[PDB]
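A short write-up of the structure that comes next.
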Amino acid sequence: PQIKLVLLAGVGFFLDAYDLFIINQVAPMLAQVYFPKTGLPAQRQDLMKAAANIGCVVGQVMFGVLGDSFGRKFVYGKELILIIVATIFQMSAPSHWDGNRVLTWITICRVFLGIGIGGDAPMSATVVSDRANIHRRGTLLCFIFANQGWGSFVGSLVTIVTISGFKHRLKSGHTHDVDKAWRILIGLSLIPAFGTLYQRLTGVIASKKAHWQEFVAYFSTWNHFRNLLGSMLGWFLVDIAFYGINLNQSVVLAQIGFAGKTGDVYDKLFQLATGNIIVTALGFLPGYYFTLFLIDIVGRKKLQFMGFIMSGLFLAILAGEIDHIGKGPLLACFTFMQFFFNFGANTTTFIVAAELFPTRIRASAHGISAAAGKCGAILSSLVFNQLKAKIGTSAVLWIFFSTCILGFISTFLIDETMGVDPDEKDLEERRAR
């Protein structure tokens, strides 16, 4: 039936999300092995975590040109093999290498990993928005998007299970085994990756100039232009705070009480992995499902309004009190923030970008909106840890706070897409003139 296809898109997001966010769990292990006395260099750590998102935009533009040039039959399979190969090279960095050399190895591998993740990322949003043409299209988009939380959550679950498995061996003095652990975290993505591969198998310039003319003509009108503007802005702005935080979630939990001076190698990794699972299980994951049950009841805009404005509140509390109050209060606010990312702007910006635009342009308008988001992701990803040292963590959180208020303001540019057919609205718009 039609059902089996959306799960295949879902597991695509799950694998992409797992591979994207698992870098947050792998980074502290690389530190313990290759930089035990000092932290990971700021510029090098930022590059490694942005690498996947940098490739992510290169992927959907490259797989877009090839996909338009020679059709879909060309791109469907090869995107998944690229992230599989990138996983293996990333997995098998020579353990005898220098710390900086190992880092440079992983950054390059993750760029190619991003190129593949950039492939299936945008092509699945269209398969269920064009097919449904029903009021229950949002609940379908949100269900597939919810796999992003499972990717982040399963990665956190995998980490505590792995660390607790190395408990006795680490306590018995075999501290280098953490170098094996971080390779296991990346490698375990291969199990669904290989499973899905088997299931997936078992006048060009004149046309481009013509579509460009329609695109330019369409978005040269105000009431149509601002819908593209708000779609790009909302996605760009949320991804700054969203990916800046989620790719560095383990770094924030270090200002909070989860990083101490007591205890040995295991105690540190386990409590830090304990914090990561708490946040993603209690906040990051359920946010997708609160969005799921209310988008087709409350509407997309009101959820973006709430999503932007709620996560902003918790960002301001962090920045103001992070250096002044205890662990407990800070942890709760951080989890609430993550909750209102996915119960709010993060999920709705993805949905709104796919729901606003008539199909005759939807491929471009959604692609530019998704590209705009990845631009926000790479900005914070590329500079988060560098700013953290130059201006401090509180100052950086005040920046993310400002981006949320701007997202709230920009959301007014959007038409409510709950229950509206963008093709029918375009159709009635035209008969009236």
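Residue numbering restarts at 1 in every chain; chains get A, B, ... in the order shown in the structure tokens, and ligands count up from 1 in that same order.
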
Each residue of range 18-58 of chain A with at least one atom at most 8 Å from range 153-162 of chain A should appear once, together with its nearest atom pair and the corresponding distance in Å (one decimal); atoms considered: only C-alpha atoms; ordering: chain, then increasing residue number; output as JSON lines.
{"residue": "A:18", "atom": "CA", "partner": "A:155", "partner_atom": "CA", "distance": 6.1}
{"residue": "A:21", "atom": "CA", "partner": "A:155", "partner_atom": "CA", "distance": 7.6}
{"residue": "A:22", "atom": "CA", "partner": "A:155", "partner_atom": "CA", "distance": 5.7}
{"residue": "A:25", "atom": "CA", "partner": "A:159", "partner_atom": "CA", "distance": 7.1}

At a cut-off of 10 Å, can you tabulate as CSV every residue of range 267-355 of chain A near range 419-426 of chain A together with its closest atom pair and the distance in Å to one decimal, using only C-alpha atoms and ordering rows by chain then number?
residue,atom,partner,partner_atom,distance
A:296,CA,A:419,CA,7.5
A:297,CA,A:419,CA,9.6
A:299,CA,A:419,CA,8.7
A:354,CA,A:422,CA,9.8
A:355,CA,A:422,CA,6.9

Go through range 51-86 of chain A and flag each residue having an atom no more than 8 Å from range 186-198 of chain A; for those, report the closest pair of atoms plus their distance in Å to one decimal, using only C-alpha atoms, ordered by chain and rising number, as a Markdown table.
| residue | atom | partner | partner_atom | distance |
| --- | --- | --- | --- | --- |
| A:77 | CA | A:197 | CA | 7.3 |
| A:80 | CA | A:197 | CA | 7.0 |
| A:81 | CA | A:197 | CA | 7.9 |
| A:84 | CA | A:190 | CA | 6.6 |

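Interatomic distance, CA of residue 227 in chain A to CA of residue 205 in chain A: 27.4 Å.
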
Self-check item: Straight-line distance linking CA of residue 225 in chain A with CA of residue 204 in chain A, stated in Å to one decimal
Solution: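 Distance reported for this atom pair: 26.4 Å.
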
Practice problem: Would you list the contacts of residue 413 in chain A as a list in words, taking every protein, DNA or RNA residue within 8 Å and counting only C-alpha atoms, but skipping same-chain residues closer than 4 positions in sequence? | Solution: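 Near residue 413 in chain A, the qualifying residues are residues 226, 227, 229 and 230 of chain A.
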
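Of the residues under consideration (A:9, A:215, A:170, A:240), A:215 shows the shortest atom-to-atom contact distance to residue 361 in chain A when counting only C-alpha atoms.
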